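Structure record follows, encoded as structure tokens.
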Amino acid sequence: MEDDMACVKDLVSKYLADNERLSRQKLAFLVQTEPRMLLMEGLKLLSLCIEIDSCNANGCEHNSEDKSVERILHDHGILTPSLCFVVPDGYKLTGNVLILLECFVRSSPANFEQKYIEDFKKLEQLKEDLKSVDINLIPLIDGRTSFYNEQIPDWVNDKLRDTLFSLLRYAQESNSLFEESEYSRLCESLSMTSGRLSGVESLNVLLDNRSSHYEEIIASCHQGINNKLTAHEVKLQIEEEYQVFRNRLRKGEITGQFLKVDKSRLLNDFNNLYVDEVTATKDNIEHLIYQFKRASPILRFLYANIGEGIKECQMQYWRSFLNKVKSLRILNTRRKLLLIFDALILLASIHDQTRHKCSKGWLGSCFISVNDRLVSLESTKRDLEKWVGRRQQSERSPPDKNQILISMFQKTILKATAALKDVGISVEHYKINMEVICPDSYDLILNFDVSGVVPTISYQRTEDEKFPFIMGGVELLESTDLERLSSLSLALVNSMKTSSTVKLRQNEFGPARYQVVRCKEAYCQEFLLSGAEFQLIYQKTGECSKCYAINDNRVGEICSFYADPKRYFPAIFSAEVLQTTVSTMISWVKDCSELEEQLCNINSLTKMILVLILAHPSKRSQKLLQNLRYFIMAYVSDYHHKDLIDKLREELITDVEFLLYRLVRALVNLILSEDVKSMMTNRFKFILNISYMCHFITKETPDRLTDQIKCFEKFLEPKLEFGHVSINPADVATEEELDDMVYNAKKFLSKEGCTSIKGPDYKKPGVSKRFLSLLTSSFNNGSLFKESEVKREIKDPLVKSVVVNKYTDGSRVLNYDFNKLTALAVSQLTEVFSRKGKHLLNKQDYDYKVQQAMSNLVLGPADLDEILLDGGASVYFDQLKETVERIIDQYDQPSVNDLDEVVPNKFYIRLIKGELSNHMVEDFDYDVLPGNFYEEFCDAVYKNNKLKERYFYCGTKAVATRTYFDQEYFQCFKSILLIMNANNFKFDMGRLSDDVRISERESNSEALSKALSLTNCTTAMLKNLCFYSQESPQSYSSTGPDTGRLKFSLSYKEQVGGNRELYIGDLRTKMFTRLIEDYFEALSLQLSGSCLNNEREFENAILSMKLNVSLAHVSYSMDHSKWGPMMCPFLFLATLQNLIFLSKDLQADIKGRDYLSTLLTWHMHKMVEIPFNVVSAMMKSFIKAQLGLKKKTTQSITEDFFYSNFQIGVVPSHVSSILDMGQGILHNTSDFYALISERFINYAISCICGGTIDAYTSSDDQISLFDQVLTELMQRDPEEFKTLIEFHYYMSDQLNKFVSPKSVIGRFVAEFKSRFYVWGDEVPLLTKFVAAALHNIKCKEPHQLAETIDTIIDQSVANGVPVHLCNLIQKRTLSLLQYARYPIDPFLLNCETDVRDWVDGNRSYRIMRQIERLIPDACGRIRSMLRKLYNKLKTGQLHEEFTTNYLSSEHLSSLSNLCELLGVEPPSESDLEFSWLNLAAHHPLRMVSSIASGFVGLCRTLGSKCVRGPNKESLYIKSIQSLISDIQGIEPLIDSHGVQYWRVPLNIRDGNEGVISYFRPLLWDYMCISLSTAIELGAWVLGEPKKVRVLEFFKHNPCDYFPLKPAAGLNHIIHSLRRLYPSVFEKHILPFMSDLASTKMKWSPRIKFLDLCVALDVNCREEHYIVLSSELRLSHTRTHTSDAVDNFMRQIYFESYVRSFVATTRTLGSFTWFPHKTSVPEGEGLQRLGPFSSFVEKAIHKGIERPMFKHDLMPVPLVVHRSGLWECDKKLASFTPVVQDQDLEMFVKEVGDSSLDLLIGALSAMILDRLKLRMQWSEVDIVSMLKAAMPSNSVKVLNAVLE
RNA sequence: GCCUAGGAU
RNA sequence: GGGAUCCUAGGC
Ligand SMILES: [Zn+2]
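Under the deposited numbering, residues 1 to 309, 318 to 405, 410 to 811, 825 to 886, 896 to 925, 939 to 1002, 1013 to 1040, 1055 to 1559, 1611 to 1730, 1739 to 1790, 1804 to 1823, 1834 to 1907, 2077 to 2165 are what the first sequence spells out, in order.
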């Protein structure tokens, strides 16, 4: 700790500015050794610096020797009788007036004003005495709120502050030095404030340690470049390059890379694109539609022809009851559970049959028994026979099988009921019959014969003949297929609620167990199409791809397939949507005369496409549709890339895709049809929207492993050609790695072009020195700016999951073990063999025997091994055997298992474990267990000393120890759990599966806590958690800080098409990157053109675009490939080290540049990790290929790259190359680079030709808007235009920026960020928004999905979607919700919306509309009543007799009280009876990824106790339904769409408060919602609704639009917050963004409306819309800075009268009403400043802190007197704004509270000095104002003022 | 492979 | 990716 004081003493000796006035305390601090002495001297030094800086900035000389005002005056030559001893911190005299000063620091507005008022009273108590010598005193006060002075570098400042606080943090010393008051004041003074600068300059508190490796890098980055070239010079180089390029090109030495377009060739190649197996020339629609319906199982089932055709049985009740019993894990699943449970349902069906001849619940020999299981009957009889036989033998080794069977039945049923009756309710709802069990049944069982069909499931494919129906019977134009598909998809989705059961029959014995299988069956689901039923059958549960089978009763097993439950979602219940989609889509192109005939064919084709998408959803069918957009984009263009068509040829596997290809090719050939020309825009829209029919599938991933391998290959494969791949770089970098790094850094800049015997070689990384020098020089010469930059010099730019590492020692592991991994792989392989491999290969194959040997090796139960030796593989096993043998030979803190030591009946424990496995501890149920059990458990735990001290404290155990004695057992049980932290292999597998990892993961905040808790300032700030904290390093090498290097990790982010990469960091990597990110973004913010962060740029982009397509100017829409993995931080550093910013200052520039150099140098050395499963799978491939068990495909380069390093020893773990930039990490710097480079390139092209170009960017995309000249030239000299484009390609390639083959050039479209535009018409996107809105449901409260879908629909409607679609979607969602039977309240969603209900409505306005529609003739007067009420209130007549009198008050008859307080008749007596059931009127509903799983979770959660009691309990929803159904005065009511709302009588409104506690009346909610919305929106929403019939039909062309705008002081809000709720205000706005502790507000206008609005609220963009003017008719319409400147003026004027204050840069700015350099133009309120205009400009709006002199109006300072400005005994000028009644009211309120003579004198003086200027007072009153202000004594004050 | 009793899912 | 039984003891 001594080193701390040492180094800080060194700093304060060095960096302290030379001034002898600091020397004294300097000495006093540089000599002490006692801690307390050092703290005192340091704090005194800091306060001295503060007061010095203050007295300098104000203009008062520093009282150094600490004189006294008596002495201060008497040594100045005046007489002073006697004073009280006061010590000033500075003073000054001017003639007969005096100026004092006093300053301090306080960081809390509560403890701020105290010092202010104390100093003011201490000064006035001396002014009163001073007044009698004819001398004026002016008591200045200053209130700085930070110790950040100006004579001291700030990093030294806080480096001193924190070490002082630490030395002060001696516990014993702090205690035995002072009390808690001053301790608390001091600790919050060294608060480690975030300061005013960036947060990286703190680097200067650490060593350099930059010995040798850091030099040559900078040299190379600075060696060849020449960043000084003049402006004119660059023209020469540019011209020479252009000339040599054109010359060497025209002679045909380089390619052309660009082709002109022709529709013929494009169509021809698009047709013959896949021409190797689509043996077709032309296409007939008829044969197509014919062979479609007979394609594949689902299709052949849909369009088929089937189905030309309540009992309260005794098979359901039993089943429901047994299901419920099974749910709770009561019974021990042991040697034979489910068999008896099957026998019981067998007897149930037997009994039920012979009474009413039921025909249900049966397929051949099958019956859905318990958990959707479909058992046979024969094997049941056999196993029952065998069971009773061996049981009789056990009785032998008397009774008959009947007797023992009924005995078991009686025993199990009795145990069942006995367990149930502990807590569970009984037969009361379970209406069962104990006659089912006959006194003899086993015989009756053995005499049951049913005949029928047999069930089968066929795995392998078949032929198209086992289908016993007639294929083509349905028709396209009808909508049966969609409903069949909906039903089937729902039957699929529902296949997840099954729980993993325990099978009964292995069902097969032999390798045919994957061939057609039928002995028994397994689980099954039920669904109805129109008439009869159908069973859907599967075998194993979960959510993994498997087989299925569709069984029926009249025939067996219509088909079978290979689907997967998820990914089939977005079709359920949505049938009348898709049809409407297709219809409105067709509706566009239906007027093309040249297409009149075969139009119906188009219809069929469109429909067919959609059904195909829905029937066979698969990965590689998405990209085919997506890529289509680029083709159509190319069609309308002019020039396209040379190598385009070879992109749309990815990969196809099975047939269906080729069917889709043929269909779409036919449709394109028919739509395009070169001999038709009429409607181009509509066909454009049609095809384009057809291309977006890809989102309909899903966004998820098909697999995991082969999804990770792809991304890993994408990562690695391009970093190998360049020839630089390091491996396992240790934290201490050896020399060879540094050497290779230098060599590669040199190689990177070795690019060349157009001057060589080889010419340019595209598609290879690197930058050439010529172009880089040209760029840098042309940038430094200011040849890339405009007036918005030359006039504004660039100010200094300095003013999810996270990985947790492992640890074995000081070091950190970085390499997996070899032999451990070998053992792991072997084990896994043995598992794979044991599960499936053993049932596929023959026993006389060598591979089978090998696997057998390796399995009996690894677990417990040579001529073959000799042949193995002859098969080469000899030594591999010889070593591996002993290796893994030795690996396998090598292998009281309170916990959860201890429960088994207390609770003997385990069933309770299983209950508890389930409940915890569902809900948190905080919301555990009270009634899961018997009430006595809690007390008995608490007793049995408090007895046993062990667990007692393990959870009780004898001296969080405190809260439990205390509560147990007080006998609140439930809180005790919950607490003991909150401590419990519940929230044949011969070795241990899990330990191995954990040892051979390296990195683990954690959430965002779980680590932020564990960080912030281990430091002083518990306010999370950037530069506090890595610089000044425990566990941080001291110095740093050229590689990284002494903690280590910058790790990372890999994963994938999924989208449509392919998947992008995802880097993940640790805490430190994030913390350090964030600084560079913020820096570069702040820097880019000054320059115009970027569009990644801003908003008001993107709209300018859109406006420029829309403007471009009116004159046919040639747009150029680009893109960029491999942007991520082909950028390098070396390039950023190199272009930075040559950047020269503002040239006025000298050093801080290079300081920042060096800091950034160090940061980038750290970043260049990252150590990317490699995932685990990738390594496991590749090792598996290796160990296979070694023996070559199953020869796979020919290995790519990655497998060899691995195996090479693998069969030498080392297993590759980390790779640290140079070539790759982070993918998504270093965004802002990449955008900066792209912007600068693009501007330079456009500059060059301007230099060559005679035109201009405008561009933009987000991260890699771009546009280019050719000027008029470059457009109009293109039509005469195509050669020159093409060569310009080519030279652009070349140049832009030289700077390491490529162009993807999908860019285009055109005159008819313009693309940006996927937002297309055309002339005249506009292009919507229907399919995208529809497919988005179809699946956006998760497992939240059903009151949130409402606003979710409402937001989605509001966003969509703005883009030309027609509203009918939206209503259909809303109805679909409501039906999906009703499927779970959640009783729909009134306001859940408004399924009636219109076109006015979005463009001018909120989320709730539509609620008001549905209510208005529901129950009229009541609101028809409530509206007028609220209208009168609001009209009266808006002018503030009562303004309080409603909020604090009615709103909070009990809504009992308050309405009638309003109606009598306003004079309108109250409602009827049969009005209050309306209400609406609200679940969760006490506490929100308790709750217990993907989408399907989310939906099944939401479907499950409802049932299981979604109800909280009065205090805390649990119930159901059916319960409350019954308990309402009891009371015979409660009448429900429904609407057409379905909206429950009730009628309950006021006569029993009380007297039965049991269930009625939930209900809530409707008109109350209507009133309050209406008032709130009206206050918020425009008050026009309280007219009278109406429907119009004033229109005749007009021929509505399908494309016609009409843009629209929606129909709509923060300082005052903040004022009211600080005036009403101070505690909430200080802790939520000041630390967020504010510093206004030293600010006054005692003179500010007030508003009553806003005040009461805020009191209620605390008590209780969307630019344009684009719609069709063919809809705008059928609707309804309803019937109805200068301020701030004048506020500051009146504030100053009012303060001028209360006292006298000096006018300086700190007095004025200290107020609140002031334009503190906000968004204000040059001249806005400068006319309303009088004598203060120039000061704001010349002084305030430049950063100049000085006092006011006489030269500031056109050497004594100025004094603000009453109204007019005064110098020493003379007036120069004045100013006086206008006053109002309310301002005077607030004035006389706040001033005339305690004293009187002050108000009288002030008013008299104001009247006097305002009369002598002859202004007029006739505009206001006096007497009534006084009365309204002083309600009891206005007479005497009237007399006083008027006298 | 079976019966009884229990434990774990 | 596509069929769930494991341990200990007692009588066998
Ligand atoms: Zn029946």
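We put the beta carbon where it would ideally sit given N, CA and C, even for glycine.
Can you pull the DSSP bridge partners for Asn136?
-> Walking along the first sequence from the start, residue 136 turns up at place 136. Note: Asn136 sits in a beta bridge opposite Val97.
Enumerate in chain order the residues of its own chain whose CB-to-CB distance from residue 1009 is below 6 Å, with the five nearest sequence positions on each side excluded.
-> Here residue 1009 is not present, the numbering of the chain passing from 1002 to 1013 in one jump.
CB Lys697 to CB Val1432, shorter than 9 Å?
-> Counted from its first residue, the first sequence places residue 697 at position 685. Counted from its first residue, the first sequence places residue 1432 at position 1361. Not closer than 9 Å, so no.
Kindly provide the ranges of any beta strand (DSSP E) runs that are 3 or more residues long and lie completely inside the stretch 1649 to 1691, ordered along the chain.
-> 1653 to 1655, 1663 to 1665 and 1681 to 1683
What is the DSSP secondary structure of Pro1884, counted as helix, strand or coil?
-> Counting from one through the first sequence, the residue named residue 1884 turns up at place 1731. Helix at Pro1884.
Taking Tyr116 as part of the beta strand (DSSP E), name the residues at either end of that continuous run.
-> The count along the first sequence starts at 1 and reaches residue 116 at position 116. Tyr116 -> not in any beta strand (DSSP E); alpha helix (DSSP H) instead, spanning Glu113 to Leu130.
Check whether the Cβ of residue 2177 lies closer than 8 Å to any heavy atom of ligand 1, and answer yes or no.
-> Not covered by the structure: residue 2177. The range shown for the chain is 1 to 2165.
Please report how far the alpha carbon of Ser1541 lies from the alpha carbon of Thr593, in whole angstroms.
-> Indexing the first sequence from 1 puts residue 1541 at position 1470. Indexing the first sequence from 1 puts residue 593 at position 581. The alpha-carbon atoms of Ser1541 and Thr593 are separated by roughly 45 Å.
Taking only heavy atoms of ligand 1 into account, decide whether any of them is closer than 8 Å to the Cβ of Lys368.
-> As a first step, residue 368 must be located in the first sequence, where it is residue number 360. Indeed, a heavy atom of ligand 1 lies less than 8 Å from the Cβ.
Quick one: measure Cβ to Cβ for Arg632 and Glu663, integer angstroms, because I've assumed they're closer than 8 Å.
-> Position 620 of the first sequence holds residue 632. Position 651 of the first sequence holds residue 663. Yes, they are in contact, since the Cβ atoms of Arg632 and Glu663 sit about 6 Å apart, within 8 Å.
For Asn1840, the first and last residue of its enclosing alpha helix (DSSP H) = Walking along the first sequence from the start, residue 1840 turns up at place 1687. Start and end: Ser1835 to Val1851.
Closest Cα partner of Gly369 within the set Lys635, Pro714, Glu241 and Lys319 = The sequence position of residue 369 within the first sequence is 361, counting from 1. Checking every option, the nearest Cα to that of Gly369 belongs to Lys319.
Can you tell me which of the three DSSP states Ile1743 falls into?
-> Taking the first residue of the first sequence as 1, we reach residue 1743 at position 1613. The DSSP-derived three-state label of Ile1743 is helix.
Decide if the stretch 635 to 653 is in contact with the stretch 248 to 261; the criterion is three or more beta carbon pairs, one per stretch, under 8 Å apart.
-> yes
Give me the Cα-Cα distance between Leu675 and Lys602, rounded to the nearest whole angstrom.
-> In the first sequence, counting from the first residue as 1, residue 675 sits at position 663. In the first sequence, counting from the first residue as 1, residue 602 sits at position 590. Going by the C-alpha atoms only, they are around 20 Å apart.
Rounded to whole angstroms, how far is the Cβ of residue 823 from the Cβ of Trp1547, which I believe are closer than 8 Å?
-> Here residue 823 is not present, the numbering of the chain passing from 811 to 825 in one jump.
Sequence ranges, alpha helix (DSSP H) only - wholly within the stretch 322 to 400, length at least 4 = 325 to 335 and 346 to 364
Every unbroken beta strand (DSSP E) within the stretch 2085 to 2127, with a cutoff of 3 residues, ordered by chain | 2087 to 2089
Write down every uninterrupted run of the alpha helix (DSSP H) in the stretch 1438 to 1510 whose length is 4 residues or greater and which is fully enclosed by it, in chain order.
-> 1467 to 1470, 1476 to 1485 and 1490 to 1505
From the DSSP output, read off the bridge partner residues of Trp1547.
-> As a first step, residue 1547 is located in the first sequence; it is residue number 1476 there, counting from the start. Paired residue(s): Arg1682.
Roughly how many whole angstroms lie between the Cα atoms of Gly484 and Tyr303?
-> If you number the first sequence from 1, residue 484 lands on position 472. If you number the first sequence from 1, residue 303 lands on position 303. Those two C-alpha atoms are separated by around 6 Å.
So, is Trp155 buried or exposed, given that buried needs 16 or more other C-beta atoms within 10 angstroms?
-> If you number the first sequence from 1, residue 155 lands on position 155. With 16 or more Cβ atoms within 10 Å of its Cβ, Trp155 is classed as buried.
For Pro1900, does the three-state DSSP call read helix, strand or coil?
-> As a first step, residue 1900 is located in the first sequence; it is residue number 1747 there, counting from the start. In this structure, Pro1900 counts as strand in the three-state DSSP scheme.
Residue closest to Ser2096, alpha-carbon to alpha-carbon, out of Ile1845, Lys2149 and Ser1872 = Walking along the first sequence from the start, residue 2096 turns up at place 1774. For the residues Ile1845, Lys2149 and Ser1872, the minimum Cα distance to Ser2096 belongs to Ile1845.
Since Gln2138 sits in a beta bridge, which residues does DSSP pair it with?
-> The residue labelled residue 2138 in the question sits at position 1816 within the first sequence. BP columns for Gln2138 are empty, so no partner.
Look at the alpha carbon of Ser2116 and the alpha carbon of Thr1419, and state the distance between them as a whole number of angstroms.
-> Translated into positions along the first sequence, residue 2116 becomes position 1794. Translated into positions along the first sequence, residue 1419 becomes position 1348. Distance between the alpha carbons of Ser2116 and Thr1419: 55 Å.
Cα-Cα separation, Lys1193 to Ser795 | Mapped onto the first sequence, residue 1193 falls at position 1122. Mapped onto the first sequence, residue 795 falls at position 783. Whole-angstrom Cα-Cα distance: 30 Å.
Residue nearest to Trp600 in terms of C-alpha spacing, selected from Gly1700, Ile683, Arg1139 and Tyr1021 = If you number the first sequence from 1, residue 600 lands on position 588. Of the candidates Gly1700, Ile683, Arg1139 and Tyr1021, the one whose C-alpha sits nearest the C-alpha of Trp600 is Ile683.
Beta strand (DSSP E) segment containing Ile318, residue limits = If you number the first sequence from 1, residue 318 lands on position 310. Bounds of any beta strand (DSSP E) do not take in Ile318, whose DSSP letter is neither H nor E.
Thinking C-beta only, is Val1788 closer than 9 Å to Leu1750?
-> Translated into the one-based positions of the first sequence, residue 1750 becomes position 1620. Translated into the one-based positions of the first sequence, residue 1788 becomes position 1658. Yes. Within cutoff.
Smallest Cα separation from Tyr325: which of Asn247, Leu299 and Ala356?
-> In the first sequence, the residue the question calls residue 325 occupies position 317. With distances taken between Cα atoms, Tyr325 lies closest to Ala356.
Helix, strand or coil for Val528 per DSSP?
-> Position 516 of the first sequence, counted from the start, is the residue given in the question as residue 528. The answer is coil: DSSP assigns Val528 none of H, G, I, E or B.
CB contact flag (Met1142, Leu1096, <9 Å) = Counted from its first residue, the first sequence places residue 1142 at position 1071. Counted from its first residue, the first sequence places residue 1096 at position 1025. Yes. Within cutoff.
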